[PDB]
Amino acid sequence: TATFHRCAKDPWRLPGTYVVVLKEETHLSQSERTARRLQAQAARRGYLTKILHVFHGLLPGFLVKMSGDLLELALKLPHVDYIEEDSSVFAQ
């Protein structure tokens, strides 16, 4: 059910860092457990991951530095709404 999104302005993409957004009403404790689950599944497949931040207050989820090879696996995690590749913003 979860979908993947990346910036349409290809030079503004920042591959290798992803925002995993969980469903509305997902609690911080569930977000932290989902992040740990991704780390454990990725390590079993030989990939190193890093949880840079865990979100709560506006949107539930987390920021992860990992290979995009893990996106199909990450989209199957419980509570996932969608995943977005990080991208640049600029002073106007």
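Sequential numbering from 1, following the sequence displayed.
Trainee: Taking the chain's C-alpha temperature factors as the reference, tell me which third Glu25 falls into: lowest, middle or highest.
Mentor: Highest third, going by the recorded CA B-factors of the chain.
Trainee: How does the C-alpha B factor of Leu38 compare with the rest of the chain: lowest, middle or highest third?
Mentor: Its C-alpha B-factor, which the entry lists for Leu38, ranks in the middle third among residues of this chain.
Trainee: Could you place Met66 in the lowest, middle or highest third of its chain by Cα temperature factor, using the values in the record?
Mentor: Its C-alpha B-factor, which the entry lists for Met66, ranks in the middle third among residues of this chain.
Trainee: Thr3: which third of its chain by C-alpha temperature factor?
Mentor: As the PDB entry reports it, the C-alpha B-factor of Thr3 lands in the middle third of its chain.
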